[PDB]
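Residue numbers (the entry's author numbering), protein chains in the order written: chain X, 3 to 72; chain H, 2 to 130; chain L, 2 to 124. The C-beta atom is built at its ideal place from N, Cα and C for all residues, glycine as well.
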Amino acid sequence: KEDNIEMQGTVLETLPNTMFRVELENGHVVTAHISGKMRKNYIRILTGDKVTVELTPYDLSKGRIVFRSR
Amino acid sequence: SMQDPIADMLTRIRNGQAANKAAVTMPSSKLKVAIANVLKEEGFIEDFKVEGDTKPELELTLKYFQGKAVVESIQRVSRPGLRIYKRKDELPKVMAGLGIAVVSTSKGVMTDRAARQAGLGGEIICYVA
Amino acid sequence: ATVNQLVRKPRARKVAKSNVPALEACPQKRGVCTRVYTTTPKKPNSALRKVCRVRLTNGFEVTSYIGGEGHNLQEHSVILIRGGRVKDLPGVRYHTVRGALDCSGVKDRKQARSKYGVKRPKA
RNA sequence: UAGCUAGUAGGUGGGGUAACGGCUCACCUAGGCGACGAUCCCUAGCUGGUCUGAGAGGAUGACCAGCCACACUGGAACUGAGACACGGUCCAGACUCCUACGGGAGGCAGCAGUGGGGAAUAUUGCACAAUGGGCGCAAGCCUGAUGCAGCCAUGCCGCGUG
RNA sequence: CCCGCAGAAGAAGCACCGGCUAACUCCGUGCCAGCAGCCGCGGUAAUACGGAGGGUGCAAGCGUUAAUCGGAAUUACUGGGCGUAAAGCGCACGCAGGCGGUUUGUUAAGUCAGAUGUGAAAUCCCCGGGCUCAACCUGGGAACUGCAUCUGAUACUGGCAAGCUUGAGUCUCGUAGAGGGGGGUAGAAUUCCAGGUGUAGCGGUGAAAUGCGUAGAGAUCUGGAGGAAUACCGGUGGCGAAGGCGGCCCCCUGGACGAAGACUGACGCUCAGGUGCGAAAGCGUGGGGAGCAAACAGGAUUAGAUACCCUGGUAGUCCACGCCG
RNA sequence: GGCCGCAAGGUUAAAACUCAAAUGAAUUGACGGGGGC
RNA sequence: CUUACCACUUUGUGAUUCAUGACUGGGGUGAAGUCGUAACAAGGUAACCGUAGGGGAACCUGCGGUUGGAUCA
Ligand SMILES: NC(=O)OC[C@@H](O)C[C@H](NC(=O)[C@H]1NCCC[C@H]1O)C(=O)N[C@@H](Cc1c[nH]cn1)C(=O)N[C@H](C(=O)O)[C@H](O)c1c[nH]c(Cl)n1
Ligand SMILES: [K+]
Ligand SMILES: [Mg+2]
Ligand SMILES: [Mg+2]
Ligand SMILES: [Mg+2]
Ligand SMILES: [Mg+2]
Ligand SMILES: [Mg+2]
Ligand SMILES: [Mg+2]
Ligand SMILES: [Mg+2]
Ligand SMILES: [Mg+2]
Ligand SMILES: [Mg+2]
Ligand SMILES: [Mg+2]
Ligand SMILES: [Mg+2]
Ligand SMILES: [Mg+2]
Ligand SMILES: [Mg+2]
Ligand SMILES: [Mg+2]
Ligand SMILES: [Mg+2]
Ligand SMILES: [Mg+2]
Ligand SMILES: [Mg+2]
Ligand SMILES: [Mg+2]
Ligand SMILES: [Mg+2]
Ligand SMILES: [Mg+2]
Ligand SMILES: [Mg+2]
Ligand SMILES: [Mg+2]
Ligand SMILES: [Mg+2]
Ligand SMILES: [Mg+2]
Ligand SMILES: [Mg+2]
Ligand SMILES: [Mg+2]
Ligand SMILES: [Mg+2]
Ligand SMILES: [Mg+2]
Ligand SMILES: [Mg+2]
Ligand SMILES: [Mg+2]
Ligand SMILES: [Mg+2]
Ligand SMILES: [Mg+2]
Ligand SMILES: [Mg+2]
Ligand SMILES: [Mg+2]
Ligand SMILES: [Mg+2]
Ligand SMILES: [Mg+2]
Ligand SMILES: [Mg+2]
Ligand SMILES: [Mg+2]
Ligand SMILES: [Mg+2]
Ligand SMILES: [Mg+2]
Ligand SMILES: [Mg+2]
Ligand SMILES: [Mg+2]
Ligand SMILES: [Mg+2]
Ligand SMILES: [Mg+2]
Ligand SMILES: [Mg+2]
Ligand SMILES: [Mg+2]
Ligand SMILES: [Mg+2]
Ligand SMILES: [Mg+2]
Ligand SMILES: [Mg+2]
Ligand SMILES: [Mg+2]
Ligand SMILES: [Mg+2]
Ligand SMILES: [Mg+2]
Ligand SMILES: [Mg+2]
């Protein structure tokens, strides 16, 4: 959390367990899982959207989605 | 088959008590007579009797104090599948001693009190209570 | 079971098992952190958790938790591990000992210091 | 892991041991062991005791005492009352060291101590004043046994920080 | 070990505070970062995360990890279970083995009593003594439940001998039965074939189609062939160790039950290994083949329909001898 | 792995690993292309 | 000098076991993959057991058995 990393990306394909494959503005692909409120707000994500992706410096291969472009 | 007559005697007394019968009868045997005498002199039964020469029958007359059986627990110990012997130092106490335990001494059959008074061990036939 | 059947074949004690086999009954073991990464918990809880893959001195590979806020580990750092499970993470059976060998103590902790290898702050 | 055993089980006569014995050899008999587990495989020094439990039981064999076995690995014997012998001998083997390359030397699982392994385990100390042991007529010599000191909150017990 | 000197003068930390479990509030934080033995906590007022104030528990220590026992009656000897929660072999026969009805005599192995020897010291427990107390050391006793021998006891179990009829078995007289094996035979019905009449539809479905018919179907009458199963009695029934057993007659054969009497004299119950029987499907060799009917062909249904539905149809179903279990 | 079988297979019979359950009986409601008035 | 017994050793042969290992097989976990609706009510063809054949799957059909099946209209 300290010194967080903030990026956008595009979701490419659906995975089981509501996890997702997202290409990143820098060319990298990451594995993403949903946050609580867009889970609590019943907001479902489809293929192809632009999404805001939080990253952590410990590992950049997997991130978390926090905001989807409708 | 019938492989344990004393256990049979005990169960007959127990069922007869539960069924509020005045008396029960079963084929006699000298060992059964000895056990029955021991019970009678301790006050668990009213009287006992034997009749017939060719095939004698042993009769026990049960006792009810307040409409409920005086005998309220009988268990065989030293059953044929597993024999039990105790020394003088170990003769047990049943119901903390309000009850009795029949033991066969070289001297014969007698309660645990008598057996430890005489200073004998023996085989534990049954607990009564 | 009738007495005869027990004489022929006695009772059997239920054989016990240890849930930290890699320790081999030692209280701690040394190992090299071949891989450092972060995983996700199970259904009820959501978080990203720090974890490591380590090769012990006795030949095993195991996955161990890195407690506390922030760590300094590397793909070849040397650490001391101890028994302990992480309930959420599946297949994690061990904990890293903070403030021992290369694993440094949590910075600026001020309560429960002994559990994180932090020295009494001078005043 | 259901069969095992031919010196295998007995007997007679030589031989051999401090001593009984297939202990060994010649001959004869055809036995002997096993479901009450022989044979085979894996694992293990044994006991007084220790920890736990109300008890029956369960786990265990560090310290101290008794018994057993081993002394780099394998084979053998001599000397001796007693060894097939930790600081003795011969042979074989691996390793280390010396060499004029002709051959030679060595065995800390004794007390300190070193490298290595490991989460982790002490000083290359003082005395033979006390107890015990070897030699000696005795004086006495020898003794890393033993007595004591050093290091470590490892444990138990007592005390202070007013 | 004793005496004197200075000055409080040289000497306090670790964990925890949502429930089990002793101890709560503010500020950060927003299911994030993080905690965790379990029950779980964290998405805008968190006594559960991080800091602070306060409090609780231990104290020269305090916590975590490792390992054993306990709680766990959760391997149940003391002290558990098997109709449906896990747990009665598919059924029967039987060797070793386990247990045994009733009386008398004898024996003394089990069993009970006494004595002797032994059970190293240390350890444990009890009562005292010495270190300023304590840890620690130490004197006496208890204990070491065990083993061995000698002398006695004779109720019970065991051995030996001889009895007994109540368990078990044999004989005579009757009764019921789809119990089993072999050989004959009767009736109704589907299919096929021949013949007469007859005339163009039949069959099938939720609706259809595939299919069959002038070479004469379907319908109706007469004769012949072949195979398989027993209308109705029929049960709320019976027989069998279990699987299972149904037209009628004959032959060979097992078991069960009732009456009264006679005979043997415990001759018994159970059973690890072992040996037999064991629906249907299936395998091998050789026959048979009406009705069915996996596979498969064709017609439909549906979005699809490798199915349910419709027209056909092979193995099999049947017989003899082996196998499977 | 052993034994049996022409073959299909039968019989004897484990562990790693993983979860905090799985299960039996019965209770009150909802539901049925289940009944009855 | 020579004979017997014999460790160690070298060959060949077998057995047994550890390490790995090209590869092949299946098993467990899954909060918003895909494709169907097989089961729970008469789950819309009552379910299940043994056995044989067949199909992308959850399954379908033949033979025999059980009720751990609803209605008896
Ligand atoms: N996608 C797909 O598979 O098809 C759709 C499916 O829903 C059809 C449905 N079919 C059924 O129920 C089966 N039930 C068993 C027998 C055969 C069949 O009937 C059906 O609706 N049937 C109707 C008639 C029909 C119309 N279209 C196709 N079939 C029907 O009559 N069903 C009957 C009923 O409702 O009980 C029954 O099924 C039946 C009796 N006789 C016949 Cl034929 N069918
Ligand atoms: K007679
Ligand atoms: Mg010979
Ligand atoms: Mg001789
Ligand atoms: Mg001689
Ligand atoms: Mg060893
Ligand atoms: Mg207990
Ligand atoms: Mg106690
Ligand atoms: Mg020892
Ligand atoms: Mg032992
Ligand atoms: Mg040692
Ligand atoms: Mg030597
Ligand atoms: Mg020597
Ligand atoms: Mg020696
Ligand atoms: Mg030496
Ligand atoms: Mg040394
Ligand atoms: Mg060293
Ligand atoms: Mg090291
Ligand atoms: Mg001296
Ligand atoms: Mg010297
Ligand atoms: Mg010295
Ligand atoms: Mg100290
Ligand atoms: Mg002073
Ligand atoms: Mg002051
Ligand atoms: Mg409280
Ligand atoms: Mg905490
Ligand atoms: Mg707090
Ligand atoms: Mg907590
Ligand atoms: Mg504080
Ligand atoms: Mg217990
Ligand atoms: Mg139970
Ligand atoms: Mg069930
Ligand atoms: Mg069951
Ligand atoms: Mg049965
Ligand atoms: Mg069977
Ligand atoms: Mg017998
Ligand atoms: Mg008897
Ligand atoms: Mg005796
Ligand atoms: Mg005695
Ligand atoms: Mg002693
Ligand atoms: Mg005192
Ligand atoms: Mg003492
Ligand atoms: Mg004494
Ligand atoms: Mg007798
Ligand atoms: Mg039409
Ligand atoms: Mg015609
Ligand atoms: Mg019957
Ligand atoms: Mg007959
Ligand atoms: Mg007799
Ligand atoms: Mg059997
Ligand atoms: Mg058949
Ligand atoms: Mg058809
Ligand atoms: Mg129910
Ligand atoms: Mg359905
Ligand atoms: Mg096909």
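What residue from the options has the CA that sits closest to residue i's CA?
{"i": "residue 35 of chain H", "options": "H/47, H/7 and H/13", "result": "H/7"}
{"i": "residue 10 of chain L", "options": "L/17, L/2 and L/16", "result": "L/2"}
{"i": "residue 130 of chain L", "options": "L/65, L/110, L/59 and L/111", "result": "Any question about residue 130 of chain L goes unanswered here, given that chain L covers just 2 to 124."}
{"i": "residue 37 of chain L", "options": "L/31, L/7 and L/77", "result": "L/77"}
{"i": "residue 124 of chain H", "options": "H/86, H/107, H/10 and H/114", "result": "H/86"}
{"i": "residue 28 of chain L", "options": "L/67, L/88, L/4 and L/98", "result": "L/98"}
{"i": "residue 32 of chain H", "options": "H/9, H/121 and H/115", "result": "H/9"}
{"i": "residue 59 of chain L", "options": "L/26, L/40 and L/113", "result": "L/26"}
{"i": "residue 60 of chain X", "options": "L/121, L/74, L/56 and L/15", "result": "L/74"}
{"i": "residue 69 of chain L", "options": "L/89, L/90 and L/50", "result": "L/50"}
{"i": "residue 50 of chain X", "options": "X/29, X/6, X/28 and X/13", "result": "X/13"}
{"i": "residue 92 of chain L", "options": "L/103, L/22 and L/72", "result": "L/22"}
{"i": "residue 109 of chain L", "options": "L/122, L/103, L/90 and L/102", "result": "L/122"}
{"i": "residue 40 of chain X", "options": "X/54, X/33 and X/3", "result": "X/54"}
Since residue i meets chain X, which of its residues come closer than 9 Å, beta carbon to beta carbon?
{"i": "residue 117 of chain L", "result": "Chain X residues near residue 117 of chain L: none, gap ~17 Å exceeds 9 Å."}
{"i": "residue 38 of chain L", "result": "60, 61, 63 and 64"}
Let me confirm a value: residue i is counted as buried when at least 16 other C-beta atoms fall within 10 Å, else exposed. Which label applies?
{"i": "residue 109 of chain H", "result": "exposed"}
{"i": "residue 48 of chain H", "result": "exposed"}
{"i": "residue 105 of chain H", "result": "buried"}
{"i": "residue 97 of chain H", "result": "exposed"}
{"i": "residue 31 of chain X", "result": "exposed"}
{"i": "residue 44 of chain X", "result": "exposed"}
{"i": "residue 22 of chain X", "result": "buried"}
{"i": "residue 29 of chain H", "result": "buried"}
Would you mind telling me which residues of chain L sit closer than 8 Å to residue i, beta carbon to beta carbon, in chain order?
{"i": "residue 38 of chain X", "result": "47"}
{"i": "residue 66 of chain X", "result": "49"}
Determine, using beta carbons only, whether residue i comes closer than 9 Å to chain X.
{"i": "residue 111 of chain L", "result": "no"}
{"i": "residue 41 of chain L", "result": "yes"}
{"i": "residue 85 of chain L", "result": "no"}
{"i": "residue 71 of chain L", "result": "yes"}
For residue i, would you say it is in contact with chain L, using Cβ-to-Cβ distances shorter than 9 Å as the test?
{"i": "residue 20 of chain X", "result": "no"}
{"i": "residue 30 of chain X", "result": "no"}
{"i": "residue 4 of chain X", "result": "yes"}
Would you give the residue range spanned by the beta strand (DSSP E) that residue i belongs to?
{"i": "residue 111 of chain H", "result": "109-112"}
{"i": "residue 102 of chain L", "result": "Where residue 102 of chain L is concerned, there is no enclosing beta strand (DSSP E), given that its DSSP letter is neither H nor E."}
{"i": "residue 70 of chain X", "result": "61-70"}
{"i": "residue 105 of chain H", "result": "101-106"}
{"i": "residue 58 of chain H", "result": "58-62"}
{"i": "residue 90 of chain H", "result": "That residue, residue 90 of chain H, is in no beta strand (DSSP E); it is neither H nor E in DSSP."}
{"i": "residue 96 of chain H", "result": "Premise fails: residue 96 of chain H is in no beta strand (DSSP E) and is neither H nor E."}
For residue i, return the contacting residues in chain X, with the cut-off set at a CB-CB distance below 8 Å.
{"i": "residue 51 of chain L", "result": "60"}
Could you give the first and the last residue of the continuous alpha helix (DSSP H) run that contains residue i?
{"i": "residue 12 of chain H", "result": "6-19"}
{"i": "residue 9 of chain L", "result": "4-9"}
{"i": "residue 32 of chain H", "result": "31-43"}
{"i": "residue 42 of chain X", "result": "38-42"}
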